[PDB]
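Below you'll find the structure, written out as structure tokens, and then a few comments.
Quick reminder, even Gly has a Cβ in these numbers, built from the backbone with ideal geometry, and neighbours come from all protein chains shown. What is reported rests on the model, the rules as stated and the sources as named; no laboratory instrument gave them.
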Amino acid sequence: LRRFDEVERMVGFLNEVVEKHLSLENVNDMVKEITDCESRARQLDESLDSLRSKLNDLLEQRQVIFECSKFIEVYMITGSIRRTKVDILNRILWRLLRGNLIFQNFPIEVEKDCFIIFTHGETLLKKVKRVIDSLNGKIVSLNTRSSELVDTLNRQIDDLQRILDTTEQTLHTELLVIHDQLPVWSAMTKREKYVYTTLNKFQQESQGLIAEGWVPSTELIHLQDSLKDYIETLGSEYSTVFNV
Amino acid sequence: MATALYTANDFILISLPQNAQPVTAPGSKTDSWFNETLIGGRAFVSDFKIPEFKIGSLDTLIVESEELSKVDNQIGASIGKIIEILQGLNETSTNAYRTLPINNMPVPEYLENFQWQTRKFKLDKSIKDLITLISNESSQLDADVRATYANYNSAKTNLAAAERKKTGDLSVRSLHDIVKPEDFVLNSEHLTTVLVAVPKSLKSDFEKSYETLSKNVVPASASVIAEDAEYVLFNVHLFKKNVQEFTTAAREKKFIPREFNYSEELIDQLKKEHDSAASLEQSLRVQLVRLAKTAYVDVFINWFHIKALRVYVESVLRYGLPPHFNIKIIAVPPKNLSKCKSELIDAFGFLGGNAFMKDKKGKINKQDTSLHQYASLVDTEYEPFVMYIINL
Amino acid sequence: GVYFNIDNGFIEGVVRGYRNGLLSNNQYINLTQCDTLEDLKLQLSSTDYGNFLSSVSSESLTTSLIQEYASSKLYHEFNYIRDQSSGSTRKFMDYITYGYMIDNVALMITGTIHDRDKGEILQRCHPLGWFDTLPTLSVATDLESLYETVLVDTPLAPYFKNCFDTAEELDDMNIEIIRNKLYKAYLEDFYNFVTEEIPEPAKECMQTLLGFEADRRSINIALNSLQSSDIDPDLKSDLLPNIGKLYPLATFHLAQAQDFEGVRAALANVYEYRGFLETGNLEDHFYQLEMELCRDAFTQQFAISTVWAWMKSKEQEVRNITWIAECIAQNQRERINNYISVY
Amino acid sequence: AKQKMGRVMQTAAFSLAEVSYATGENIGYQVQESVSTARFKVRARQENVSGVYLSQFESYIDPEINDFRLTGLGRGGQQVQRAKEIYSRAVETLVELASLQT
Amino acid sequence: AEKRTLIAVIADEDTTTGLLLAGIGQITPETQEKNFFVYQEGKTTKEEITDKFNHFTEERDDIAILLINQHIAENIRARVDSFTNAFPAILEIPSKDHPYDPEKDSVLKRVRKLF
């Protein structure tokens, strides 16, 4: 029963991935293709969201160059930050450097934001970075050009977007054989766990289960005619005992 | 005002660039302005200018500011503790130590003769060791005051205890004020003495019953050796075996035995204990007042040096040039603090920059809110030019 | 019982349904026969706890995680009953949580004296005693700057009426004094609330359940002051509540109780607390008397004291399950039947 | 002795753990800061056993601390107190056994 | 003779706190550092135990007995074994939630070869 709890969790994961975009051997070989497909779907989804994050880490780095070459065309620190922490970073840097700064922000278009500091001086430059890197700000130091890193970064944006377009095509190829098959894999487990939950309710006394429970009196002869015909038609000469 | 009481001279320390101009009175010099213009012409402006020391680097300049802010607090914590003690004892004015003379010169005048004072501090020492040095002196002086005050409380405890033995109430009172050989036995093989603390009502009952109360009790031993106001103290002479039987029988009657037994060395050692407690406290008290005034004058000089250094250093950091900065300390008359703070803000704030400029003017001394109180430390608001408000 | 079911009809019948999930003596004997924490989980799954440890799966299952989740569902059931409450009932539900707010205040301002981290001294806090400025008690040390900044907008603000701040900031000795004094003023205020606005069948059986809290707190203050306190009785009498059965004659003798016999001879004159200090575990005596006072508060029907009598009985149920799961995990079974079951 | 110490220490461990949970909050962080002196210390002495000089430890119990400000809280406080007493008795034995180790 | 007075700890929370109620370790007031290290199993790193051990043996010259939970000594095993001095004495005790294994005890390991 812990097995078909785990497989129920795996069928739930397959139901979440699609929304996000029987004999004992016949169950034992289909739980194998549940597990063997859950493994590849989980690793391909975890190699896709962690790659989308790496894509956004470059699309946020292109924008803080586009919005800070423009500020110069109209001892400085340039980087990315979440938008809900811009005011608290402004206040912490204003309380650290008493004045002594020219702080801007330009919204990158989770939502994020850029910032320029102009730390006028020294001896706090490694201490501003302990404010930025504490609340998860990613500084983008360039030191060469605002037109040479953009080429080497657009040579990675498209090169990684093509890996997105490969792995997501493989994902939508895999989901075609699963979306038309989940009502079988789910409905197997929903009744198999229901079988074993009921088999936990039996006695297991002398290498044989004792099932005590209620049945209406109209359906007594139906049990005594359906249980008697079924144990004899399959062979296996060890008859059941039906007492009242 | 009426949100704060002042009755002693208040100070604001400013430092400004020597090229500055007030825009609250254009066509004035800053120095001329302080005297004539500022709070109805009633401002007393005092000299507070100090020269250049030796600065490590620009890089070093940053490290120095941070420390200065911290040491300034710490010295401030100490000087407050010394004043709180002198005030607490009420053997020295509680109405001074805000405008109590330092080096027997009135406090606004003391600041006027303050140009960077020498006690151990010279202009040819490095700035990092002056920040350190000063703080070490302040911490030593305060730790001394704390120890002697600590000792003075342990001495008060001992004097109360000892006194209680000398005449108090019978629940710990041990006898040595009665030393008679007619009320106690000593050099005795069969006899001992048990003291019984008896309620005043019950005195008659005790007098009747004691001889028969335990067996083998010296008769006509009842004498009132001592009396308090709630209890009466009796001496009884009896057999050593029979002492147990008396203490127990007495408790049933509602008498309270006080276990004491006559020996010379105990009596002498109780009188000495009382004597040493008195002597210790009295020495400690005189030492405590003498020490606290001497420590106070030295810490005052130390504290103002950090404020002078700091304001200069912070100016050097924020403004750069000119290399010598125009520092003045303004002694404000009581209740004109609110007006002072505003006029300087209006006039000089523009030099610091428009971004720097915030309005949260006003002052709340009650704990109803914590807004409206300037300090560069907080992100809530900032001073808009190098200004510290000093409240003694 | 004629005007009760207007606002309290649905509230009682669910709490009366929550009462039927209290484990009986046979459901405790069936828990003491377990061999593993997994077997105890599966035995609890047949009760009204069913599948509350389902997201654990036999590996990270400790005896503290059971006490966490079994009390967490108590707290969520209390929040469901409180969300359907209105008027005097909702105010009565708030006055229950004030006593947990006091314990979370006194647990939050001891985690800052010892400089323990603020994220780990708050997971030990009680979830029902949550107010919105509870993490911000880690901002100051002294009592005045924690009252005048944080604890004015809290509903614990009328309870700081006798806490005299002599500008000594905080040691561990006076935070317990502030805790006992806040709980003293709170017991006064909540007894006056029960006497004032709570109706008559839920008044007499709630004044006893609350005077028992006052008497237990008086005995615990007057008995813990022997070992780790050297205080005057005039300052000790500000810590003892004056609402209980024990106040006017016996808390005076508990105030000047310098010895253990000064407590024992003071509690020998009161009739229902004599014999508690003679034999056995005293904490078990108080918990047994608490459950015997909560049992006969369910026997009066149209009463809002059934909420108090339910949640204290369900807390004792979580304590009994925690004691059993502590016994069957550390393999000590000499005192596994030390649970308390009146249901 | 190792088995002895482990069993007695753990019984007292389990009693404290239950107490922490029932009282509400992680009490143990609070107690650690607040404590800054020790009752049980040792004074070391040399004992010649088998011609060699060994170091031995003799415990002395100092009365600096016996009650804190966390063993009193009111009702919750009475529980910590019952726990503290099992731990002191159990531990003192463990210190004496530890002497053979050195 | 006397040169060591403190008994220190490396142990899990419930174990450490209890040892402190019993009254055996303390925190130095001049350094602001504990003569015990709290630890929680699986949650607190192997590296920090290794430092704290060095603080207690070699930088504290006042620790008389270093007590240590068996499970915990097993994480930093090299460090406990390699220290062969009696100054401090190392006393491995069975960790809370584990029985007595005689080979999680550094002194006994050494004992087996050569009597």
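One table, with the values for the structure above:
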read-out: Residue selected from region D:1-23 under the condition touching a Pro at 6+ places or on another chain (Cβ under 9 Å) and within 11 Å of chain C (Cβ to nearest Cβ), by the criterion farthest from C:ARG319 (Cα to Cα); value: D:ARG7
read-out: Residues that are closer than 30 Å to C:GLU196 by Cα and of a type in the set (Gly, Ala, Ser), drawn from region C:237-279; value: C:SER237, C:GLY244, C:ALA250, C:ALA255
read-out: Residue count for region A:223-244, restricted to those that are within 25 Å of A:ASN200 (Cα to Cα) and not in a loop (DSSP other than H, G, I, E, B); value: 7
read-out: Within region D:37-66, considering residues that are acidic (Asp, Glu) and under 17 Å from D:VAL91 (Cα atoms), the one farthest from the other protein chains (Cβ to nearest Cβ); value: D:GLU58
read-out: Region B:162-176, residues that are crowded, with 16+ Cβ neighbours inside 10 Å, touching a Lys or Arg at 6+ places or on another chain (Cβ under 7 Å) and either over 17 Å from B:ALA278 (Cα atoms) or in the same structural domain as B:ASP228 (by CATH) (or both); value: B:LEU170, B:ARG173, B:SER174, B:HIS176
read-out: Among the candidates A:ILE81, A:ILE102, A:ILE92, residue that is under 28 Å from the mean Cα position of the chain (by Cα) and not small (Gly, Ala, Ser); value: A:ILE81
read-out: Helices (runs of 4 or more DSSP H) within region A:87-197 that include 2 or more residues away from chain B (no Cβ under 13 Å), of a type in the set (A, V, I, L, M) and on the phi < 0 side of the Ramachandran plot; value: A:149-174, A:176-179
read-out: Yes/no for B:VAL297 being crowded, with 19+ Cβ neighbours inside 10 Å and in the same structural domain as B:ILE55 (by CATH); value: no
read-out: Candidate set: region C:229-245, residues that are within 14 Å of chain D (Cβ to nearest Cβ) and touching a helix residue (DSSP H, G or I) at 6+ places or on another chain (Cβ under 8 Å); chosen: the one surrounded by the fewest Cβ atoms within 10 Å (Cβ to Cβ); value: C:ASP238
read-out: Residue check, E:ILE72 under 23 Å from D:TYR21 (Cβ atoms), within 11 Å of the chain's Cα centre (by Cα) and more than 13 Å from chain D (Cβ to nearest Cβ); value: yes
read-out: Residue identified as within 14 Å of chain D (Cβ to nearest Cβ), surrounded by 17 or more Cβ atoms within 10 Å (Cβ to Cβ), closer than 22 Å to C:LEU187 by Cα and β-branched (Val, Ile, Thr) among C:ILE113, C:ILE102; value: C:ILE102
read-out: Members of region C:127-156 found to be over 25 Å from B:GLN367 (Cβ atoms) and buried (at least 19 other Cβ atoms within 10 Å of the Cβ), listed by number; value: C:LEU128
read-out: Where C:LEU249 falls short, out of the listed (1) out of contact with any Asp or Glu (no Cβ under 9 Å at 6 or more places or on another chain); (2) crowded, with 22+ Cβ neighbours inside 10 Å; (3) in a helix (DSSP H, G or I); value: (2)
read-out: Matching residues in region E:9-52 - criterion: being small (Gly, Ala, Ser) and either more than 10 Å from chain D (Cβ to nearest Cβ) or over 20 Å from D:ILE65 (Cβ atoms) (or both); value: E:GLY42
read-out: Residue tally, condition part of a loop (DSSP other than H, G, I, E, B), more than 17 Å from B:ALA308 (Cβ to Cβ), within 38 Å of the chain's Cα centre (by Cα) and within 14 Å of chain A (Cβ to nearest Cβ), over region B:21-71; value: 1
read-out: Some residue of region D:27-36 being under 16 Å from D:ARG89 (Cβ atoms), within 11 Å of chain C (Cβ to nearest Cβ) and surrounded by fewer than 21 Cβ atoms within 10 Å (Cβ to Cβ); value: no
read-out: Which numbered condition C:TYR75 fails, given (1) more than 14 Å from chain D (Cβ to nearest Cβ); (2) surrounded by 13 or more Cβ atoms within 10 Å (Cβ to Cβ); (3) under 20 Å from the mean Cα position of the chain (by Cα); (4) not aliphatic (A, V, I, L, M); value: (1)
read-out: Unique match (being under 22 Å from E:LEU66 (Cβ atoms), touching a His at 6+ places or on another chain (Cβ under 8 Å) and either not aliphatic (A, V, I, L, M) or not in a helix (DSSP H, G or I) (or both)) among D:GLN56, D:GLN32, D:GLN3, D:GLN10; value: D:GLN32
read-out: Odd one out for A:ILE139 among (1) touching a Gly at 6+ places or on another chain (Cβ under 6 Å); (2) buried (at least 17 other Cβ atoms within 10 Å of the Cβ); value: (2)
read-out: Matching residues in region B:369-385 - criterion: being touching a helix residue (DSSP H, G or I) at 6+ places or on another chain (Cβ under 9 Å) and within 9 Å of another protein chain (Cβ to nearest Cβ); value: B:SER376, B:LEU377, B:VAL378, B:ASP379, B:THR380, B:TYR382, B:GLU383, B:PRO384
read-out: All positions within region B:51-68 that are under 16 Å from B:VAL386 (Cα atoms) and either outside the structural domain of B:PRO108 (by CATH) or surrounded by fewer than 18 Cβ atoms within 10 Å (Cβ to Cβ) (or both); value: B:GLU66
read-out: Residue in region A:69-81 that is part of a loop (DSSP other than H, G, I, E, B) and farther than 24 Å from B:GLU64 by Cα present; value: yes
read-out: Some residue of region C:273-289 being among the acidic types (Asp, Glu), surrounded by 15 or more Cβ atoms within 10 Å (Cβ to Cβ), on the phi < 0 side of the Ramachandran plot and touching a helix residue (DSSP H, G or I) at 6+ places or on another chain (Cβ under 8 Å); value: yes
read-out: Residue match in region D:82-101 (condition: within 12 Å of chain C (Cβ to nearest Cβ), closer than 30 Å to C:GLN316 by Cα and over 18 Å from the mean Cα position of the chain (by Cα)); value: no
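Listed here are the residues, each with its yes/no results for (1) of a type in the set (A, V, I, L, M, F, W, C); (2) touching a strand residue (DSSP E or B) at 6+ places or on another chain (Cβ under 9 Å); (3) closer than 28 Å to A:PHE66 by Cβ.
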position: A:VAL150; (1), (2), (3): yes, no, yes
position: A:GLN161; (1), (2), (3): no, no, yes
position: A:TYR238; (1), (2), (3): no, no, no
position: A:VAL241; (1), (2), (3): yes, no, no
